[PDB]
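> Just dropping this structure here.
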Amino acid sequence: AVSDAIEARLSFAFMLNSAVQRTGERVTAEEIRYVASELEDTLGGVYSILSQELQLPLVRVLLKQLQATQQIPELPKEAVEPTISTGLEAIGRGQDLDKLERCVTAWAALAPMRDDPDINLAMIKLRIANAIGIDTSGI
Amino acid sequence: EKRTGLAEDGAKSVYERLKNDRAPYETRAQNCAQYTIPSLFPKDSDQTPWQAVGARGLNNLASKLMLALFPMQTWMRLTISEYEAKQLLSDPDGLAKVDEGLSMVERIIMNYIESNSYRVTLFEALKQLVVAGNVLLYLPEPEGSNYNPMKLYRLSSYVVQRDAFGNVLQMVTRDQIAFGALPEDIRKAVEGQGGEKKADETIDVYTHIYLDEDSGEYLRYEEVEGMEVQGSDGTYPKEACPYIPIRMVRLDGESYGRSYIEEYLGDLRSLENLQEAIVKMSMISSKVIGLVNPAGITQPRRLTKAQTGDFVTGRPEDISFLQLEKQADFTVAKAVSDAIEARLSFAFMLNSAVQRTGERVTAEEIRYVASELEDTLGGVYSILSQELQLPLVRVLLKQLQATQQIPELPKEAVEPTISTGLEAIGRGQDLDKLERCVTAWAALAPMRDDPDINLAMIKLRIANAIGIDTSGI
Amino acid sequence: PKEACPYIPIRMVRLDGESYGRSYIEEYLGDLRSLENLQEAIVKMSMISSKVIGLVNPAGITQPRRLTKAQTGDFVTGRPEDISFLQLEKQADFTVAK
Amino acid sequence: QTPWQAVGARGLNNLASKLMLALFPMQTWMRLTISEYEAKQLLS
Amino acid sequence: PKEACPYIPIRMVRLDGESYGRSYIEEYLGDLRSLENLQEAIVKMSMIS
Amino acid sequence: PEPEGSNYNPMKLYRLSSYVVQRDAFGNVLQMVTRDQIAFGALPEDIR
């Protein structure tokens, strides 16, 4: 019993998906999702640390190493010292994409008044995008 | 020049005097770390723990806070200053310009934070911020566009003093650089003051900062062996000091802060003290020891040699195995251990405190007891937003305008307001009140074709009580 | 001015006719001490339960030295009647207090 | 000499595996974007 | 050049004011030894059984 | 190492025991001394 009590505690600290595996009770579905979002919470911890400690320095060195051996076909001055994004940004499923179709879905909220009696949909469709935080340049 | 005022008697002399009202606060931090991760605050002056509970709790607490305060997302939102926003009324072409560039500084601050590896030290800061009362952050001048990291001083190797209103009066750090690493200016000055030094001798390097009674600003200087350092003098303005000392739990009328783990320390020690005896008990239980009666026929030699399947000269009355049979008292101790370990799991925002092996846990209690972890976390978050998030942004803004990495903008955006929290994620109360008001205009769709109802005045009062701007609706 | 003093003294529980206020935890203090006084004896009890202590009968053949030295799997000169472990067996009274 | 348990073994291995597939996938996991100072230059 | 050295030394757990970093497993080492020290006696017991 | 053309330029990894580091106050790298343990029959002819 003591060994299994410890082995469970460790299984959490090694992001083992089989720490939910408690042979004690009829494990529900609503705790599985919640105790799994504690494994994601402590993993997002080490990931956002190693992004700074090992991911970005590795890219930053390869960038300057490959521009120096001219395998990088030259580009207009604006892109020789850029900004290096990583994480959910680079997978393509980042906060930017979130805020846009979180704003598209707020313009379907004023569909039961697209035919607006003096409501003025023009300023609202702009303030909605203001609070969210898009660019609004040319919308 | 001999300096007086606060640094009248040197630097190291102030460090050792203020080390006396700080000594209780590091002893407290020492105890809390001994039961979590000792490496964060070793018990060296004024070995691992038997349990990993506090260990996984401390790490999970910091992780949840670091991912809350400092995400990959933009987590600050600059917006036009009120006094200079009333000036630009009804001018949306020259007003969108001021907010757009404000949202450019929104990004510049991030890129500086990303590429300079601020996050990785902020984590080690939050870990320290929780088990120890305080941390000291130093972010030097940008100095070009290089790799300008952040420096972190743990409580034991720095010292602070505050006034009545809680403002910083003086701060004396204390690096412990090895001689073979000091700058050549300081290095030759050291062995040239008496005694040549080896390459591994450790040199105490202090760093006084203090307000000047005459000026309205801070004066600093490095200091080695009792004599001031070459080229180390300098001044910082009072409103933008790049040395930030952060407290966790305030106690208005005190130089330092209280730690977070401190408040639940009594139970945390009860668990470690128990887990020790429990594990030690488990080792005794799994220890197999025979007991051959010497007045008997069975000889101990023949048994240890015997293979499986062997028959052996002896009777079963002579041998017996050492039974511990403390099964009863173990269940008592293990039940208390689990009861305490659970109480702490709530105080460490462990999502696995719902994990009660007692009953068929429903779906409707999980949501409610999870909204107590959200309720006690929003506590420390909205505190650290003021104690560590807002001061950090406020310093980098004035630090980056001073090295003109901020492309200039129209006067309205030189002193704006710095919003944080759910505002900057973009899912704040503003967006809430807007589509909570749109959804009140779809409620009068079964009378859009209104017989004399007048939808114009109603569609306006709805937005009034809610609290939108109503400017041009 | 009387209408805008920047020193504010706040009470929790008013008692009109008194300078200070009553605390909120005060009203439930009696149970709060009952719990602490109990948890003390409870926690202390678990420590005695998990304390393993042998009891070698000196008039017996089994000597305490040989046992502490022995490895796991070793057989040892002795009888099981000589050794016993200090049982607390307050399982009944524990469940009451808990 | 080897350990009596494979707990840390599979734990350590699972820790590395999850991190490498998070940090370094077959996917493109960095995103370069225009520097801010030289992006305001190329406006409109 | 200082800005692009191709030798990169990485730390795991920072402790600002030290050349090297702390390991991740170090923080939970006590329980990891409790388990192994136990698993030995358990496995050894099963062989005796 | 440097790309050195477009060849097979792998990555070298030094474990903690066969390398050593020193840093300053702000945490920047001061010096690094590695330590391979190559067998004589493998060294380049210059060093050999």
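Residue numbering restarts at 1 for every chain of the structure tokens, chains are lettered A, B, ... in their displayed order, and ligands are numbered from 1 as they appear.
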Using only C-alpha atoms, I'd like every residue of chain F that has an atom within 12 Å of chain B; please write them out as a VMD selection string.
chain F and resid 21 to 31
> With N, CA and C atoms retained, could you export that selection as a PDB file, in the first residue's frame?

```
ATOM      1  N   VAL F  21      31.814  24.856 -16.843  1.00  0.00           N
ATOM      2  CA  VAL F  21      31.358  26.194 -17.202  1.00  0.00           C
ATOM      3  C   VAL F  21      31.559  27.137 -16.021  1.00  0.00           C
ATOM      4  N   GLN F  22      31.675  28.423 -16.344  1.00  0.00           N
ATOM      5  CA  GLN F  22      31.727  29.507 -15.379  1.00  0.00           C
ATOM      6  C   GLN F  22      30.955  30.689 -15.941  1.00  0.00           C
ATOM      7  N   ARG F  23      30.190  31.348 -15.079  1.00  0.00           N
ATOM      8  CA  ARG F  23      29.367  32.481 -15.470  1.00  0.00           C
ATOM      9  C   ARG F  23      29.641  33.663 -14.549  1.00  0.00           C
ATOM     10  N   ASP F  24      29.115  34.822 -14.941  1.00  0.00           N
ATOM     11  CA  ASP F  24      29.293  36.071 -14.216  1.00  0.00           C
ATOM     12  C   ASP F  24      28.062  36.346 -13.344  1.00  0.00           C
ATOM     13  N   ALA F  25      27.857  37.611 -12.971  1.00  0.00           N
ATOM     14  CA  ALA F  25      26.693  37.970 -12.167  1.00  0.00           C
ATOM     15  C   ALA F  25      25.403  37.857 -12.972  1.00  0.00           C
ATOM     16  N   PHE F  26      25.336  38.540 -14.117  1.00  0.00           N
ATOM     17  CA  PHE F  26      24.132  38.543 -14.947  1.00  0.00           C
ATOM     18  C   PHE F  26      23.854  37.208 -15.637  1.00  0.00           C
ATOM     19  N   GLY F  27      24.643  36.168 -15.379  1.00  0.00           N
ATOM     20  CA  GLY F  27      24.367  34.852 -15.918  1.00  0.00           C
ATOM     21  C   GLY F  27      24.856  34.598 -17.325  1.00  0.00           C
ATOM     22  N   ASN F  28      25.721  35.456 -17.858  1.00  0.00           N
ATOM     23  CA  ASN F  28      26.298  35.227 -19.172  1.00  0.00           C
ATOM     24  C   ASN F  28      27.488  34.281 -19.074  1.00  0.00           C
ATOM     25  N   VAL F  29      27.769  33.609 -20.185  1.00  0.00           N
ATOM     26  CA  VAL F  29      28.856  32.643 -20.213  1.00  0.00           C
ATOM     27  C   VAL F  29      30.191  33.374 -20.223  1.00  0.00           C
ATOM     28  N   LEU F  30      31.098  32.953 -19.341  1.00  0.00           N
ATOM     29  CA  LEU F  30      32.461  33.473 -19.308  1.00  0.00           C
ATOM     30  C   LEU F  30      33.436  32.548 -20.023  1.00  0.00           C
ATOM     31  N   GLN F  31      33.497  31.283 -19.616  1.00  0.00           N
ATOM     32  CA  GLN F  31      34.394  30.342 -20.267  1.00  0.00           C
ATOM     33  C   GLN F  31      33.817  28.935 -20.203  1.00  0.00           C
TER      34      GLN F  31
END
```
> When you look at residue 95 in chain C with a cut-off of 12 Å (counting only C-alpha atoms), what residues show up, excluding the ones that are within fewer than 6 positions of it in the same chain? I need them as a list in words.
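These residues fall inside the cut-off: residues 328, 329, 331, 332, 333, 335 and 336 of chain B; 42, 45 and 89 of chain C.
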> Residues of chain D within 9 Å of chain E: nearest atom pair and distance (Å, one decimal) for each, counting only C-alpha atoms, sorted by chain and number, as a Markdown table?

```
| residue | atom | partner | partner_atom | distance |
| --- | --- | --- | --- | --- |
| D:3 | CA | E:36 | CA | 7.4 |
| D:4 | CA | E:40 | CA | 5.9 |
| D:5 | CA | E:36 | CA | 6.2 |
| D:7 | CA | E:32 | CA | 8.8 |
| D:8 | CA | E:32 | CA | 7.5 |
| D:12 | CA | E:25 | CA | 8.7 |
```
> Which of chain F counts as strand (DSSP E or B) under DSSP, as a list in words please?
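Written out, the strand (DSSP E or B) residues of chain F are residues 19, 20, 21, 22, 23, 29, 30, 31, 32, 33 and 34 of chain F.
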> At a cut-off of 7 Å, which residues of chain A touch chain E? Count only C-alpha atoms and give the answer as a ChimeraX atom specification.
/A:3,6-7,53-54,61,64
> Go ahead and save the residues from that selection, with N, CA and C atoms, as a PDB file, in the first residue's frame.

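That gives us result_1.pdb:
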```pdb
ATOM      1  N   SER A   3       3.977   1.510  -1.166  1.00  0.00           N
ATOM      2  CA  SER A   3       4.639   1.585  -2.468  1.00  0.00           C
ATOM      3  C   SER A   3       3.705   2.163  -3.522  1.00  0.00           C
ATOM      4  N   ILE A   6       3.130   5.970  -3.044  1.00  0.00           N
ATOM      5  CA  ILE A   6       4.234   6.762  -3.572  1.00  0.00           C
ATOM      6  C   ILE A   6       4.253   6.698  -5.096  1.00  0.00           C
ATOM      7  N   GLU A   7       4.220   5.479  -5.652  1.00  0.00           N
ATOM      8  CA  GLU A   7       4.248   5.286  -7.102  1.00  0.00           C
ATOM      9  C   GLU A   7       3.169   6.093  -7.815  1.00  0.00           C
ATOM     10  N   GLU A  53      15.082  28.322 -22.663  1.00  0.00           N
ATOM     11  CA  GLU A  53      16.380  27.785 -22.278  1.00  0.00           C
ATOM     12  C   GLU A  53      17.038  26.946 -23.366  1.00  0.00           C
ATOM     13  N   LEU A  54      16.256  26.357 -24.271  1.00  0.00           N
ATOM     14  CA  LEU A  54      16.800  25.422 -25.252  1.00  0.00           C
ATOM     15  C   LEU A  54      16.218  25.567 -26.652  1.00  0.00           C
ATOM     16  N   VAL A  61      20.935  30.637 -32.964  1.00  0.00           N
ATOM     17  CA  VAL A  61      22.302  30.334 -33.380  1.00  0.00           C
ATOM     18  C   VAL A  61      22.324  29.831 -34.816  1.00  0.00           C
ATOM     19  N   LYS A  64      21.968  32.818 -37.415  1.00  0.00           N
ATOM     20  CA  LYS A  64      23.211  33.540 -37.658  1.00  0.00           C
ATOM     21  C   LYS A  64      24.295  32.632 -38.231  1.00  0.00           C
TER      22      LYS A  64
END
```
> Please identify all polymer residues within 10 Å of residue 472 in chain B, counting only C-alpha atoms, omitting same-chain residues fewer than 5 positions from it, and present them as a ChimeraX atom specification.
/A:119-120,122-124
> Pick out the chain B residues within 9 Å of chain C. Count only C-alpha atoms. Give them as a PyMOL selection string.
chain B and resi 270+273-274+277-278+280-281+284+286-294+300-301+303-304+318-326+328-337
> Include N, CA, C and O atoms and write out the residues we just selected as a compact mmCIF listing (two decimals), in the first residue's frame.

```txt
# COMPACT_ATOMS: atom_id res chain seq x y z
N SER B 270 3.63 18.26 9.71
CA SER B 270 2.94 17.08 10.22
C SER B 270 2.98 15.95 9.20
O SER B 270 3.13 14.78 9.56
N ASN B 273 6.72 14.59 8.93
CA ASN B 273 7.00 13.81 10.13
C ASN B 273 6.30 12.46 10.10
O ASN B 273 6.86 11.45 10.56
N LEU B 274 5.09 12.40 9.54
CA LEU B 274 4.34 11.15 9.45
C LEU B 274 4.88 10.25 8.35
O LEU B 274 5.19 9.07 8.59
N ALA B 277 7.85 8.13 9.44
CA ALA B 277 7.55 6.93 10.22
C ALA B 277 6.77 5.91 9.41
O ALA B 277 6.94 4.70 9.61
N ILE B 278 5.91 6.36 8.49
CA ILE B 278 5.13 5.43 7.68
C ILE B 278 6.04 4.62 6.76
O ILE B 278 6.01 3.39 6.77
N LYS B 280 9.28 4.26 6.94
CA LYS B 280 10.16 3.45 7.78
C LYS B 280 9.44 2.22 8.28
O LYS B 280 10.03 1.13 8.38
N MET B 281 8.15 2.36 8.60
CA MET B 281 7.36 1.21 9.02
C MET B 281 7.21 0.20 7.88
O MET B 281 7.29 -1.01 8.10
N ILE B 284 10.24 -2.04 7.58
CA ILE B 284 10.27 -3.07 8.62
C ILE B 284 9.28 -4.18 8.28
O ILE B 284 9.54 -5.37 8.55
N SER B 286 8.30 -5.25 5.25
CA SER B 286 8.73 -6.07 4.13
C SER B 286 10.08 -6.74 4.39
O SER B 286 10.65 -7.34 3.47
N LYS B 287 10.57 -6.67 5.62
CA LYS B 287 11.85 -7.27 5.99
C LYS B 287 11.57 -8.67 6.52
O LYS B 287 10.94 -8.84 7.57
N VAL B 288 12.03 -9.68 5.79
CA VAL B 288 11.77 -11.07 6.13
C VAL B 288 12.90 -11.56 7.04
O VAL B 288 14.07 -11.53 6.66
N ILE B 289 12.54 -12.01 8.24
CA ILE B 289 13.52 -12.51 9.21
C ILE B 289 12.98 -13.80 9.82
O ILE B 289 11.90 -13.81 10.41
N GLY B 290 13.74 -14.88 9.68
CA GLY B 290 13.40 -16.13 10.31
C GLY B 290 13.79 -16.16 11.77
O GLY B 290 14.51 -15.30 12.27
N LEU B 291 13.32 -17.20 12.47
CA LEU B 291 13.58 -17.36 13.90
C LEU B 291 13.65 -18.86 14.20
O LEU B 291 12.64 -19.48 14.56
N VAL B 292 14.84 -19.43 14.06
CA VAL B 292 15.05 -20.85 14.31
C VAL B 292 15.36 -21.04 15.80
O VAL B 292 16.31 -20.45 16.33
N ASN B 293 14.54 -21.84 16.47
CA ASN B 293 14.72 -22.14 17.88
C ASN B 293 15.94 -23.04 18.05
O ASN B 293 15.94 -24.16 17.53
N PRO B 294 17.00 -22.59 18.74
CA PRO B 294 18.22 -23.42 18.81
C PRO B 294 18.01 -24.75 19.51
O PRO B 294 18.76 -25.70 19.24
N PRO B 300 19.67 -23.37 10.91
CA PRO B 300 19.48 -22.26 9.96
C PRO B 300 20.30 -22.38 8.69
O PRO B 300 19.89 -21.89 7.64
N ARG B 301 21.49 -22.99 8.79
CA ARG B 301 22.32 -23.19 7.61
C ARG B 301 21.56 -23.93 6.51
O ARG B 301 21.50 -23.48 5.36
N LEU B 303 18.53 -24.27 5.78
CA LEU B 303 17.38 -23.62 5.17
C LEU B 303 17.80 -22.61 4.10
O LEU B 303 17.29 -22.63 2.98
N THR B 304 18.73 -21.72 4.45
CA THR B 304 19.20 -20.72 3.49
C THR B 304 19.79 -21.37 2.24
O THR B 304 19.67 -20.82 1.14
N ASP B 318 9.92 -25.28 14.99
CA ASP B 318 11.18 -24.62 15.30
C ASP B 318 11.33 -23.31 14.54
O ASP B 318 11.86 -22.33 15.09
N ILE B 319 10.88 -23.25 13.30
CA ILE B 319 11.00 -22.03 12.51
C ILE B 319 9.73 -21.20 12.66
O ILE B 319 8.62 -21.72 12.80
N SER B 320 9.91 -19.89 12.63
CA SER B 320 8.83 -18.93 12.52
C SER B 320 9.43 -17.65 11.94
O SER B 320 10.63 -17.39 12.08
N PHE B 321 8.59 -16.87 11.28
CA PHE B 321 9.03 -15.64 10.63
C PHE B 321 8.53 -14.43 11.40
O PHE B 321 7.43 -14.43 11.95
N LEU B 322 9.36 -13.39 11.43
CA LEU B 322 9.17 -12.25 12.32
C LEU B 322 7.98 -11.43 11.84
O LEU B 322 8.09 -10.63 10.91
N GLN B 323 6.82 -11.64 12.47
CA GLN B 323 5.63 -10.89 12.12
C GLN B 323 5.65 -9.53 12.82
O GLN B 323 5.92 -9.44 14.02
N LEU B 324 5.36 -8.49 12.06
CA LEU B 324 5.26 -7.13 12.58
C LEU B 324 3.85 -6.83 13.09
O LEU B 324 3.69 -6.16 14.11
N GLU B 325 2.84 -7.36 12.39
CA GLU B 325 1.41 -7.19 12.65
C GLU B 325 1.05 -5.87 13.33
O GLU B 325 0.45 -5.87 14.41
N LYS B 326 1.42 -4.75 12.71
CA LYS B 326 0.90 -3.45 13.09
C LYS B 326 -0.10 -2.94 12.06
O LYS B 326 -0.21 -1.73 11.84
N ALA B 328 -3.20 -2.65 12.17
CA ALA B 328 -4.19 -1.75 12.76
C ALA B 328 -3.66 -0.33 12.87
O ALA B 328 -4.21 0.60 12.28
N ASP B 329 -2.56 -0.15 13.61
CA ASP B 329 -2.03 1.18 13.83
C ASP B 329 -1.53 1.83 12.55
O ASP B 329 -1.44 3.06 12.48
N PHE B 330 -1.20 1.04 11.52
CA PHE B 330 -0.83 1.63 10.24
C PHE B 330 -2.03 2.32 9.60
O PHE B 330 -1.92 3.47 9.14
N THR B 331 -3.17 1.63 9.55
CA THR B 331 -4.38 2.21 8.98
C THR B 331 -4.77 3.50 9.69
O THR B 331 -5.32 4.41 9.07
N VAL B 332 -4.47 3.60 10.99
CA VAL B 332 -4.70 4.84 11.72
C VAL B 332 -3.80 5.94 11.16
O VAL B 332 -4.26 7.02 10.79
N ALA B 333 -2.49 5.67 11.12
CA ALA B 333 -1.53 6.67 10.66
C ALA B 333 -1.73 7.02 9.18
O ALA B 333 -1.64 8.19 8.81
N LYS B 334 -2.00 6.02 8.33
CA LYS B 334 -2.20 6.33 6.92
C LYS B 334 -3.46 7.15 6.68
O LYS B 334 -3.49 7.99 5.78
N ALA B 335 -4.51 6.93 7.47
CA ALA B 335 -5.72 7.73 7.33
C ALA B 335 -5.46 9.19 7.69
O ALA B 335 -5.96 10.10 7.03
N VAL B 336 -4.67 9.43 8.75
CA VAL B 336 -4.34 10.80 9.12
C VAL B 336 -3.47 11.44 8.04
O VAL B 336 -3.66 12.61 7.69
N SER B 337 -2.51 10.68 7.50
CA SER B 337 -1.64 11.20 6.45
C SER B 337 -2.45 11.64 5.24
O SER B 337 -2.22 12.72 4.68
```
> Define the interface residues of chain B facing chain A as those within 7 Å, counting only C-alpha atoms, and report them as a PyMOL selection string.
chain B and resi 56+60+63-64+73+117+119-120+279+282+351-352+357+360+363+426-427+430-431+438+442+473
> Quick check: residues of chain A within 8 Å of chain F, only C-alpha atoms, returned as a ChimeraX atom specification.
/A:65-66,69
> Produce a file of the selected residues containing N, CA, C and O atoms, as a PDB file, in the first residue's frame.

```
ATOM      1  N   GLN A  65      24.213  31.318 -37.983  1.00  0.00           N
ATOM      2  CA  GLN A  65      25.191  30.390 -38.552  1.00  0.00           C
ATOM      3  C   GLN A  65      24.968  30.159 -40.042  1.00  0.00           C
ATOM      4  O   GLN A  65      25.935  29.944 -40.784  1.00  0.00           O
ATOM      5  N   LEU A  66      23.713  30.185 -40.493  1.00  0.00           N
ATOM      6  CA  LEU A  66      23.393  29.924 -41.891  1.00  0.00           C
ATOM      7  C   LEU A  66      23.388  31.184 -42.748  1.00  0.00           C
ATOM      8  O   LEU A  66      23.600  31.090 -43.963  1.00  0.00           O
ATOM      9  N   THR A  69      27.189  31.449 -43.711  1.00  0.00           N
ATOM     10  CA  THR A  69      27.629  30.562 -44.780  1.00  0.00           C
ATOM     11  C   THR A  69      26.725  30.643 -46.008  1.00  0.00           C
ATOM     12  O   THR A  69      26.679  29.698 -46.803  1.00  0.00           O
TER      13      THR A  69
END
```
> Give the residues of chain D that lie within 10 Å of chain B; count only C-alpha atoms, and format the answer as number ranges by chain.
D: 35-37, 40
> If you run DSSP on this backbone, which residues of chain D come out as helix (DSSP H, G or I), and could you give them as number ranges by chain?
D: 7-23, 36-40
> Limited to N, CA and C atoms, could you put the picked residues into a file as a compact mmCIF listing (two decimals), in the first residue's frame?

```txt
# COMPACT_ATOMS: atom_id res chain seq x y z
N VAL D 7 10.10 2.13 -12.83
CA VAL D 7 9.17 3.25 -12.71
C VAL D 7 9.82 4.52 -13.25
N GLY D 8 10.93 4.94 -12.64
CA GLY D 8 11.65 6.09 -13.14
C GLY D 8 12.10 5.92 -14.58
N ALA D 9 12.48 4.69 -14.95
CA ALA D 9 12.89 4.41 -16.32
C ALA D 9 11.80 4.81 -17.31
N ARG D 10 10.60 4.25 -17.16
CA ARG D 10 9.51 4.61 -18.08
C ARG D 10 9.01 6.03 -17.82
N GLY D 11 9.17 6.53 -16.59
CA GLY D 11 8.80 7.91 -16.32
C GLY D 11 9.73 8.90 -17.00
N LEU D 12 11.04 8.71 -16.82
CA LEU D 12 12.02 9.55 -17.51
C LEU D 12 11.82 9.49 -19.02
N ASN D 13 11.69 8.28 -19.57
CA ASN D 13 11.50 8.13 -21.01
C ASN D 13 10.23 8.82 -21.49
N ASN D 14 9.13 8.67 -20.75
CA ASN D 14 7.90 9.36 -21.12
C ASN D 14 8.04 10.87 -21.00
N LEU D 15 8.83 11.34 -20.04
CA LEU D 15 9.06 12.78 -19.89
C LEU D 15 9.80 13.34 -21.10
N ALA D 16 10.88 12.67 -21.51
CA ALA D 16 11.64 13.11 -22.68
C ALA D 16 10.81 13.03 -23.95
N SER D 17 10.12 11.90 -24.15
CA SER D 17 9.30 11.71 -25.34
C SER D 17 8.27 12.82 -25.50
N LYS D 18 7.51 13.12 -24.44
CA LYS D 18 6.49 14.16 -24.52
C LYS D 18 7.09 15.53 -24.80
N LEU D 19 8.27 15.81 -24.24
CA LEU D 19 8.87 17.12 -24.44
C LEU D 19 9.43 17.27 -25.85
N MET D 20 10.10 16.23 -26.35
CA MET D 20 10.67 16.29 -27.70
C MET D 20 9.57 16.43 -28.75
N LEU D 21 8.45 15.72 -28.57
CA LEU D 21 7.33 15.84 -29.49
C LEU D 21 6.59 17.16 -29.31
N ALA D 22 6.79 17.84 -28.19
CA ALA D 22 6.24 19.17 -27.99
C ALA D 22 7.18 20.25 -28.51
N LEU D 23 8.48 20.12 -28.23
CA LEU D 23 9.44 21.14 -28.64
C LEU D 23 9.87 20.98 -30.09
N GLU D 36 9.64 44.65 -35.73
CA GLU D 36 8.65 45.70 -35.51
C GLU D 36 9.10 47.03 -36.11
N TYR D 37 10.36 47.41 -35.88
CA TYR D 37 10.85 48.70 -36.37
C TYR D 37 10.78 48.78 -37.89
N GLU D 38 11.18 47.71 -38.58
CA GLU D 38 11.13 47.66 -40.03
C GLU D 38 9.79 47.17 -40.57
N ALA D 39 8.80 46.94 -39.71
CA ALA D 39 7.44 46.67 -40.15
C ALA D 39 6.59 47.94 -40.18
N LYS D 40 6.80 48.84 -39.22
CA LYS D 40 6.17 50.16 -39.30
C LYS D 40 6.68 50.93 -40.51
```
> Would you tabulate, counting only C-alpha atoms, all residues of chain E that have an atom at most 8 Å from an atom of chain F, showing the closest pair of atoms and their distance in Å to one decimal, sorted by chain then ascending number, as a Markdown table?

```
| residue | atom | partner | partner_atom | distance |
| --- | --- | --- | --- | --- |
| E:6 | CA | F:1 | CA | 6.6 |
| E:9 | CA | F:21 | CA | 7.9 |
| E:16 | CA | F:27 | CA | 6.9 |
| E:17 | CA | F:25 | CA | 6.2 |
| E:18 | CA | F:23 | CA | 7.1 |
| E:19 | CA | F:22 | CA | 5.1 |
| E:20 | CA | F:21 | CA | 7.4 |
```
> Hey, can you check how far CA of residue 410 in chain B sits from CA of residue 87 in chain B?
12.4 Å
> Could you check how far CA of residue 371 in chain B sits from CA of residue 347 in chain B, in Å to one decimal?
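For CA of residue 371 in chain B relative to CA of residue 347 in chain B, the distance reads 13.3 Å.
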> Report, in Å with one decimal, the straight-line distance from CA of residue 91 in chain A to CA of residue 145 in chain B.
27.5 Å
